[PDB]
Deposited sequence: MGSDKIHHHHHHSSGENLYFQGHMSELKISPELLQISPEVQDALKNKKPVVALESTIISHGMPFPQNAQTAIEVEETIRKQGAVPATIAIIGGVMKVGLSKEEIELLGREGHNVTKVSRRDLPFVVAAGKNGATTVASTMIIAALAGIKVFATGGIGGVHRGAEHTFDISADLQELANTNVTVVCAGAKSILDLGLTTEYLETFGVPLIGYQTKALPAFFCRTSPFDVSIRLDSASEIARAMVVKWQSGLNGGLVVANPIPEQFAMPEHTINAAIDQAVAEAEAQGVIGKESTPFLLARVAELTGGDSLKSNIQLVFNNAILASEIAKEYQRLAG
């Protein structure tokens, strides 16, 4: 019911939706906040979904327009413009659209536009969450509020390892958001395969996920689901190594007063140089791994109409 000036759904996605084919949304923030590994790794993510028997929709703001599904040139535009592209959460969305700017959507904002377009399934690396020190700083991702209110299943590696996972798990419960371990009781640690922390429920198949999605929304329980999909054991980072870098990066952000939306990008960029780019490599792989699972979920859900 929304104006075409505000929101444009691409021909392929529009068609995939027309023909009731499985569609999987993707976020644009990851691919702004590292060229060339930026625009390239995004192109392959889509192909990964295409080879799975599903349809990719990468989501972004371009020229003040909310776009569902992008083109190679658009992807390239976002990858090269880099940090010069505004990072867009819920509170940012109206201003980029109004001012006709380009923007890269976080999980919260990608969920929003996905929902507007009727897409129930969304794949990313990791969700935002409660940051370390949040009991003091109140720094808590808008992603969690979006998850609370907006009906979309986000497939991820868990919360980004840079966050406070224990606080995050409590937060999700409080707000009624299912945290689903895929073939795991233990909450996947992003880079690491497990955590000291447990998911809310373990489900062993995409079909069981899709079936729960259907029940959830048919019962009117609005809000999304977190599917925590652990990283392949071969692409995992060694615990002491990944966590030593993270701990140091976190501590450096404090000394330097990094706050607000810049925190996550700063932390990940630091951790990436502190591991010599090994953390990035793992980040790329979990993305692929999530896009595959996301594709299965999407088709099962399509089956279940």
**OP:** Spell out the unmodelled ranges of the deposited sequence for me, N- to C-terminal, numbering from the first residue.
**Re:** 1-27, 61-62, 335
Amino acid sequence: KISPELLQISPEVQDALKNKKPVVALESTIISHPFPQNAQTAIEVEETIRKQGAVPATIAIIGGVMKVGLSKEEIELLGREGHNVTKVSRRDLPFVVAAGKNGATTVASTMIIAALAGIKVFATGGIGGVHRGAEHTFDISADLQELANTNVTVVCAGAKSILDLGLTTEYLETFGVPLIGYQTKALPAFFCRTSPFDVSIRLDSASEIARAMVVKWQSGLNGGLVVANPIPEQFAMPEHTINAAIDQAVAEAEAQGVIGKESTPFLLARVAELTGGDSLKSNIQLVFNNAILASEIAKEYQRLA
From here on, numbers count along this sequence of modelled residues.
Original post:
Taking only the CA atoms, which stretch has the higher mean B-factor in the record, 204-212 or 80-88?
Top reply: 80-88
Original post:
If you average the Cα B factors in the entry, which is higher, 258-266 or 272-280?
Top reply: 272-280
**OP:** Compare the CA B factors listed in the entry for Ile31, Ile246, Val68, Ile61 and report the winner.
**Re:** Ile31
**OP:** Sort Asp143, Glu135, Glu170, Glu74 by C-alpha B-factor from the entry and give me just the highest.
**Re:** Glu74
Original post:
By its CA B factor, does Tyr182 count among the lowest, middle or highest third of the modelled residues in the chain?
Top reply: middle
**OP:** Consider only the C-alpha atoms of the modelled residues in this chain, order them by B-factor as the entry records it, and name the third containing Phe235: lowest, middle or highest.
**Re:** highest
